[PDB]
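Engineer: enclosed are the sequence and the experimentally obtained structure.
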Amino acid sequence: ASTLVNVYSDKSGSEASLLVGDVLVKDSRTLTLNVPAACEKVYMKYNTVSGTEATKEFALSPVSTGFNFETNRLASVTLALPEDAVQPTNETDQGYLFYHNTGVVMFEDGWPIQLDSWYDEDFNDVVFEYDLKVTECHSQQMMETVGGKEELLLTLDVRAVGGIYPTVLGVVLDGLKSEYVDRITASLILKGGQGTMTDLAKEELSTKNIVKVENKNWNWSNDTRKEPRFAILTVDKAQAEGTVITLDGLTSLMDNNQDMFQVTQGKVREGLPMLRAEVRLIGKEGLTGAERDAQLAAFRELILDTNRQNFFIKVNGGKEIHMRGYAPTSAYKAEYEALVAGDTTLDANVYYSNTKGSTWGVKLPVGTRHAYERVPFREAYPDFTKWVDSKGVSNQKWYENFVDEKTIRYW
Ligand SMILES: [Ca+2]
Ligand SMILES: [Ca+2]
Ligand SMILES: [Ca+2]
Ligand SMILES: [Ca+2]
């Protein structure tokens, strides 16, 4: 595996900035990557013939229908191995290529209600980090047609709940049909700040359409309350739109309605392990022809196409909120249509958006800090409206300009 390379969106070879891992580069290799919108170059880390690690910078090319709050873009890179690199042979290329995409999802819980200056909302009602890894479990890289299988590893980590009524967070893995998914592994975990993982529930390699794992009687070590908490992770691979993943139990994370969870100054719990949902989806083996190409594309497009990661939240009563331009689940579809029907403030042609192009959710770089309770998002991020109002043309790195006193970091 010493010849395989790692590609990052940052000079720092941080795990968060990894775009594609364990890549075989025989002569040259062109890859489509999902990169930060402002990103113009990528960094290939490689093993040298002396045993050290080196970095080579690569320029990005454009890949070729309006602005929709994307902090990412599609780009292309042509990798080439420098002459001092570990040269590939079957002795040094034993590794699976994997795509990587991570970010932080920030939701407002009030849909269909919003301030006219929608960015005056605090956007911390549900704050969760996600991490997606799609591994190509193939015997050899760079094939015309391929056997083996794909794997998907998703983590959903609850960072904060700045609302009284949010109950669920989830994602639709759009296009990831049941025909493509053989097994589901689903885990509820407490994610410690220094790499320690505590399992709350787990079901391994299930062939079920619906895998439900739950722990309805857990507490953090040295917890601030004696009352037990609960978490329910449901993986439904059999929905028409793709795999539907939900993490229920968000209401049990706070201690009271005034403070809520990880949002109120003086009440944030320092270094608190994060509630984590972890899902491993193992692709069907032995699928062939056109359908096999369709399967590999379905796993790949979840990382490549940002629009396939249909994140959402639920609030008490079952109301489902998605980001602008993202569809309700098939189950909520009828309710969504009945709800929006008489509302003059909502755009009838765009999902979950007011008539002035608002959103109730944003997907940001994973390190982006959320706002303190009732602090307007545009005050926590002074360059946000510049990016919004220029429709992503200016201040593409607006998320890097946060105001310390208006934002939280406890991890
Ligand atoms: Ca090989
Ligand atoms: Ca809010
Ligand atoms: Ca809030
Ligand atoms: Ca500070």
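Structural biologist: Alright, I've got the coordinates. Numbering: from 1, shown residues only. Ligands and ions are numbered 1, 2, ... in the order given.
Engineer: please list the residues of the chain that sit near ligand 1.
Structural biologist: 90, 93 (C-beta under 5 Å from the ion). For the C-beta atoms, the positions are set from N, CA and C on the backbone; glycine is no exception.
Engineer: can you pull out the helices in the chain?
Structural biologist: 290-304, 333-340, 377-380, 384-389 (DSSP state H).
Engineer: so who does the residue positioned nearest the centre of the chain touch?
Structural biologist: Nearest residue to the geometric centre of the chain (C-alpha atoms, centre = their mean): residue 130, 3.7 Å. By C-beta atoms under 8 Å, 6 or more residues apart in numbering, the contact list for residue 130 reads 102, 103, 104, 105, 154, 155, 156, 157, 171, 309, 311.
Engineer: beta partners for the third one?
Structural biologist: I take that to be residue 104. residue 129, residue 364 (DSSP bridges).
Engineer: for it, which residues are in contact?
Structural biologist: Per C-beta under 8 Å, 6+ apart, neighbours of residue 104: 127, 128, 129, 130, 159, 363, 364, 365, 366, 367, 368, 370.
Engineer: what's the distance between it and residue 167?
Structural biologist: Distance of residue 104 to residue 167, computed by C-beta to C-beta, to the nearest Å: 20 Å.
Engineer: repeat for the second one
Structural biologist: Between residue 103 and residue 167 the computed distance is 22 Å (C-beta to C-beta).
Engineer: how many residues are close by the closest residue to residue 319 other than its chain neighbours?
Structural biologist: Closest residue in space to residue 319, ignoring its immediate chain neighbours: residue 111 at 7.2 Å, by C-beta to C-beta, 6 or more residues apart in numbering. Residue crowding around residue 111 was assessed by other C-beta atoms under 10 Å; the count is 24.
Engineer: same thing with the one 4 residues further on?
Structural biologist: Residue crowding around residue 115 was assessed by other C-beta under 10 Å; the count is 13.
Engineer: likewise residue 73?
Structural biologist: Applying other C-beta under 10 Å, we find 18 residues neighbouring residue 73.
Engineer: quick one: contacts for it?
Structural biologist: Residues counted as contacts of residue 73 (C-beta under 8 Å, 6+ apart) are 34, 35, 36, 37, 39.
Engineer: name whatever forms a beta bridge with the first one.
Structural biologist: Spelled out, it's residue 34. residue 74.
Engineer: ok, it - contacts?
Structural biologist: Residue 34 neighbours (C-beta under 8 Å, 6+ apart): 19, 72, 73, 74, 99, 101, 303, 304, 305, 306.
Engineer: of the residues you listed, keep whichever come out buried.
Structural biologist: For these, a burial check counting by 16 or more other C-beta atoms under 10 Å picks out 19, 72, 73, 74, 99, 101, 303, 304, 306.
Engineer: identify the farthest-apart pair in those residues.
Structural biologist: 73 and 99 (15.4 Å; C-beta to C-beta).
Engineer: how many residues are close by the residue nearest to residue 203 when sequence neighbours are not counted?
Structural biologist: Leaving out its chain neighbours, the residue that sits closest to residue 203 by C-beta to C-beta, 6+ apart is residue 213, at 4.9 Å. Residues near residue 213, counting by other C-beta under 10 Å, number 23.
Engineer: one more: residue 311?
Structural biologist: Neighbours of residue 311 using other C-beta under 10 Å come to 24.
Engineer: now do the contacts for it.
Structural biologist: Contacts here follow C-beta under 8 Å, 6+ apart; on that basis residue 311 touches 105, 130, 169, 170, 171, 322, 323, 326, 361, 363.
Engineer: contacting residues for the residue of the chain positioned farthest from its centre?
Structural biologist: Ranked by distance from the centre of the chain (C-alpha atoms, centre = their mean), the top residue is residue 50, with 37.1 Å. With contact set as C-beta under 8 Å, 6+ apart, residue 50 has these partners: residue 84.
Engineer: let's see it at 10 Å
Structural biologist: 84, 86 (C-beta atoms under 10 Å, 6 or more residues apart in numbering).
Engineer: do the one 4 residues further on as well
Structural biologist: The neighbours of residue 54, taking C-beta under 10 Å, 6+ apart as the test, are 44, 45, 46, 47, 48, 82, 84, 85.
Engineer: now residue 74: how far from residue 249?
Structural biologist: Distance from residue 74 to residue 249, by C-beta to C-beta: 35 Å.
Engineer: count the neighbours of the residue in the chain that ligand 3 sits nearest to for me.
Structural biologist: Going by C-beta to the ion, ligand 3 is nearest to residue 162 of the chain, at 3.0 Å. Neighbour count for residue 162, taken as other C-beta under 10 Å: 28.
Engineer: for whichever residue of the stretch 101-250 of the chain sits closest to ligand 1, give me its contacts.
Structural biologist: Of all residues in the stretch 101-250 of the chain, residue 140 sits closest to ligand 1, at 5.1 Å by C-beta to the ion. By C-beta under 10 Å, 6+ apart, the contact set of residue 140 is 24, 90, 93, 94, 146, 147, 148.
Engineer: pretty sure the fifth one contacts residue 139?
Structural biologist: Spelled out, it's residue 146. Yes: between residue 146 and residue 139 there is a contact at 8.6 Å, judged by C-beta atoms under 10 Å.
Engineer: tell me which of those two has more neighbours.
Structural biologist: More crowded of residue 146 and residue 139, by other C-beta under 10 Å: residue 146, with 16 against 10.
Engineer: may I have the phi/psi pair for the nearest residue to that one once chain neighbours are set aside?
Structural biologist: Computed as C-beta to C-beta, 6+ apart, the closest residue to residue 146 that is not its neighbour in sequence is residue 138, at 5.3 Å. Backbone dihedrals for residue 138, given as degrees, to the nearest 10, come out at phi -110, psi 150.
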